[PDB]
Amino acid sequence: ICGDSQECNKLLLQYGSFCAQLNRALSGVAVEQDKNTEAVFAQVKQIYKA
Amino acid sequence: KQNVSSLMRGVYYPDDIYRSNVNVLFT
Amino acid sequence: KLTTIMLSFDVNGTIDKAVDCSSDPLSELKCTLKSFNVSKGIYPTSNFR
Ligand SMILES: *[C@@H]1O[C@H](CO)[C@@H](O)[C@H](O)[C@H]1NC(C)=O
Ligand SMILES: *[C@@H]1O[C@H](CO)[C@@H](O)[C@H](O)[C@H]1NC(C)=O
């Protein structure tokens, strides 16, 4: 939102919880798809050789 | 005439208004 | 000097503890996540430094 602006950041300091929601939701989605990629592939633990 | 360290000894009340049970940011 | 800080308060209106997120990466994490207790993990941080 703010291009390293002091006044813009000073006004966003009244919307801290909004960006806390956004960062937490996107981090949870990223961790969720790391879990998805782990669950679809990593089912067997012993990596058998060719 | 030497230096010491500000070991968290500069915290004051920024605004005159009353607040409780909150964590708020300041500039 | 001009600094961004994070201040907590109790039920009595007294200041419990301060962060001063211009000195430490953990302080910047505490100002970013809007909390004083942070769970274990990796978190992107803002530009308070
Ligand atoms: C404080 O330390 C700096 C370097 O660490 C030094 O240049 C300065 O003279 C010191 N301050 C005083 C009042 O001696
Ligand atoms: C607030 O003050 C009362 C004294 O009347 C004390 O018993 C209580 O522990 C204080 N609360 C905090 C959070 O320090």
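What follows draws every value from the coordinates through simple rules; no lab data is involved. No Cβ is skipped: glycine too gets one built from the backbone with ideal geometry, and neighbour counts run over all protein chains shown.
Can we say C:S35 is within 9 Å of chain B (Cβ to nearest Cβ) and either surrounded by 12 or more Cβ atoms within 10 Å (Cβ to Cβ) or at positive phi (or both)?
In short, yes.
Just checking, does the range C:27-39 include any residue being of a type in the set (S, T, Y) and closer than 17 Å to B:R9 by Cβ? Show your work before the answer.
Here is the first cut: in the range C:27-39, the residues of a type in the set (S, T, Y) are C:27, C:32, C:35, C:39.
With closer than 17 Å to B:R9 by Cβ added as a condition, the list becomes C:27.
Yes: the range C:27-39 contains one or more residues that are of a type in the set (S, T, Y) and closer than 17 Å to B:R9 by Cβ.
Which ones in the range C:1-30 are within 12 Å of ligand 2 (Cβ to nearest atom), among the aliphatic types (A, V, I, L, M) and touching a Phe, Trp or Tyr at 6+ places or on another chain (Cβ under 8 Å)?
C:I15
Got a sec? Which of C:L2, C:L26 is part of a helix (DSSP H, G or I) and surrounded by fewer than 17 Cβ atoms within 10 Å (Cβ to Cβ)? First the steps, then the outcome.
Numbers: C:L2 fails: part of a helix (DSSP H, G or I).
Within the list C:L2, C:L26, the selection yields C:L26.
Would you confirm, using the coordinates I've provided, whether C:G41 is more than 9 Å from chain B (Cβ to nearest Cβ) and farther than 17 Å from A:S17 by Cβ?
Here the answer is yes, as C:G41 does meet what is asked.
Show the residue pairs meeting these rules: Cβ distance below 9 Å; 6+ apart or different chains; first residue within chain B and more than 10 Å from every other protein chain (Cβ to nearest Cβ); second residue outside any loop (DSSP other than H, G, I, E, B) and within 16 Å of ligand 2 (Cβ to nearest atom).
That search, which allows pairs on different chains as well, returns nothing.
For residues in the range A:1-12 being part of a loop (DSSP other than H, G, I, E, B) and more than 8 Å from chain C (Cβ to nearest Cβ), which is farthest from the chain's Cα centre (by Cα)? Walk me through it before giving the result.
So the first thing to find is which residues in the range A:1-12 are part of a loop (DSSP other than H, G, I, E, B), and the list is A:1-5.
Narrowing the set further to residues that are more than 8 Å from chain C (Cβ to nearest Cβ) leaves A:1-3, A:5.
Working: A:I1: 18, A:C2: 21, A:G3: 22, A:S5: 25 Å.
Result: A:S5.
What are the pairs, 6+ residues apart or on separate chains, where a residue within the range C:8-27 that is hydrophobic (A, V, I, L, M, F, W, C) has its Cβ under 7 Å from a residue that is assigned to a helix (DSSP H, G or I)?
Pairs found: C:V19/C:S27; C:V19/C:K30; C:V19/C:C31; C:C21/C:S27; C:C21/C:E28; C:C21/C:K30; C:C21/C:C31.
Quick test of your reading of the structure: C:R49 fulfils all but one of (1) in a loop (DSSP other than H, G, I, E, B); (2) touching a helix residue (DSSP H, G or I) at 6+ places or on another chain (Cβ under 7 Å); (3) surrounded by 14 or more Cβ atoms within 10 Å (Cβ to Cβ). Name the failing condition by number.
(3)
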